[PDB]
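Form deposited in one PDB entry, single chain, as C-alpha cells, below.
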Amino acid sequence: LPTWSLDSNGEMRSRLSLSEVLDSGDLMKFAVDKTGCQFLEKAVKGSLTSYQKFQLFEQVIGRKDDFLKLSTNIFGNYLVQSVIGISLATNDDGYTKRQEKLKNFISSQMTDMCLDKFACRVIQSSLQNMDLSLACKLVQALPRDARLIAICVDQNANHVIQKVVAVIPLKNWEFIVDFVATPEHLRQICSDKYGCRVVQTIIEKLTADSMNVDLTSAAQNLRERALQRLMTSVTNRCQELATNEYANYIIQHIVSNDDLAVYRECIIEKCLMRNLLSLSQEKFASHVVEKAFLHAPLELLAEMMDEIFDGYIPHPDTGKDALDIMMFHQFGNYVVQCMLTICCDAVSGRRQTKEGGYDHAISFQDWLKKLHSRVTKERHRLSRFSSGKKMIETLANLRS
C-alpha cells in the first residue's frame, strides 16, 4: 500500500476518503489488497458524485489491462463487479460506450476469463447485468472447439455455461446444445463431475415444465427440437451414461421426470430392458434400475417384473435365478427391496394401480405373491442380513 495511506503502525489510515484514493492514482494497489478491498467495498456502496463514478469507470473498467488484472484478482474481481453494476445503473451520455468497451474487453479474452477462478465471476455478473443484447455478444464469443469442453469440465468455468442457460434466450446458445450432443463431446463432458452438471442444467432448461409455459408456440418448438436432438445423443450412449459414476444421475433424472416421459420410455426399452440383472449388480447403474422400477408405465413395469421373475440363468455361479442373485448381492439387494416396496404400496393403496383408466391391481398382487413366497422359503437366509430383515419387515407390516 502507498505510504501516504498508512499511519505510524504501517497500517491503513482511518478517515480515508474514496476521492483521496481515486485522485492518488494508486487505486490498483488498494483493489488487490485485502484491507483496501474492504474499504473500497463499503466506499463504492454509498452515495457517489458524478466524478467519483467517472473515475471508477475509467480506472476499473476503462482500460483493458487493468480490467483484466483486477478481474483475475482474488480481491479485485469484487470491485470490478461493483463498478460494472454502477456503470449499468448510470444512464449518462457515456453509458453506451462504457458498455460497448466492457463487451469488447471480455470478448477478446473470453476463454481465459471463463477458466480463471475469479474472472469467471466477472463474466457471470456481466451476463446477468448487461443489457441482454450485449450479454448475447459475450455468449457469441465463447469458443467452439476443445476449449469449450474444458470450460464445461472446469469446476469454476462450468458456472459460466450454467449462467448462460439461465439468463440467455435459447436461440443464442442453441450451438451449445448441438456441440454437447456431438457423440465424442458428450462422452467427454458426461464422464466428468462438472460436465454432468452442465448437461443436467441444459436438460432442465429444455424441459416443457411449468417454468416454460411463458414461451410462444414458435419458441416452444425450438426448445422441443433442441431437446429431441440432445436426448437422441443421450439415449444413443445410454448404457455408458447409466453405468458411469457421474452420468448415472442424468439418466436417473430423465427416468424420474414425468415431463420427460417419452425419453424415459426410450431409455427403459432400448437400454435397461434385458439388462436388468447385470445393471442391478453395478454400483452406479443399480440406482438407475431403481428409478426405472419406480417410474416405468405399468406396461413396461410388467415386462421388467417378468424379466426378473422369469430370468433364466444359463450357468448359475452366483445364485439359482435373478431374484436369488439380487437378494444377496451388495447392490442388487436394493433393487429387490425397491420391487417389494412398490408392490406393497400398490396393494395397500399408497400407489395408483389404475393407469389411464385401466387397473393392473391383479398384476401387482401376483408379483407380491411371488416375492412373499420367495421371502418365506428364504427367511432363514435373509434374516442373517439387514436387507433381508427389512424385506421380512416390509411384508409383516403389510399384514395390517
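Just count from 1 along the sequence shown to find any residue number. Residues that one form lacks are left out of the comparison. The term rigid core refers to the maximal set of C-alpha atoms that superpose within 1.5 Å between the two forms.
As for the form solved in complex with a partner chain, it is not shown, yet the points below apply to it.
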Exercise for the section: Would you confirm whether the three residues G62, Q81 and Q128 all fall within 4.5 Å of the partner chain in the entry with it bound, going by non-hydrogen atoms? Expected result: no
Practice task
Report yes if any heavy atom of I149 sits within 4.5 Å of a heavy atom of the partner chain in the entry with it bound; otherwise report no.
Solution key: no
Problem - Any non-hydrogen atom of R144 within 4.5 angstroms of the partner chain in the entry with it bound - result: no
Practice task
Give a yes or no for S107: in the entry with it bound, does one of its heavy atoms lie within 4.5 Å of a heavy atom belonging to the partner chain?
Solution key: no
Practice task
Please check if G94 has a heavy atom lying within 4.5 Å of any heavy atom of the partner chain in the entry with it bound.
Solution key: no
Exercise for the section: Given that the partner is absent here, state which listed stretch (67-75, 313-321, 203-211, 167-175) has heavy atoms within 4.5 Å of the partner chain in the entry with it bound. Expected result: 313-321
Practice task
With the partner chain left out of view, choose which of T235, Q188, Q281, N257 has a non-hydrogen atom within 4.5 angstroms of it in the entry with it bound.
Solution key: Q281
Exercise for the section: State the residue from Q155, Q330, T216, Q228 whose non-hydrogen atoms include one within 4.5 Å of the partner chain in the entry with it bound. Expected result: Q330
Problem - Residue among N236, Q200, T318, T111 whose Cα moves 2 Å or more between the shown form and the other one, once the rigid core is superposed - result: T318
Practice task
Take the rigid core as the frame of reference and indicate whether the C-alpha of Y358 shifts by 2 Å or more between the shown form and the other one.
Solution key: yes
Problem - Residue pair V288, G319 - Cα distance in the entry with it bound, closer or farther (3 Å or more) - result: farther
Problem - Sense of the change in Cα distance from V288 to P316 in the entry with it bound - at least 3 Å versus the shown form - result: farther
Fill in the blank from the handout: Of the residues shared between the shown form and the other one, runs of 3+ whose Cα all shift 2 Å or more on the rigid core are 12-14, 311-319, 355-358
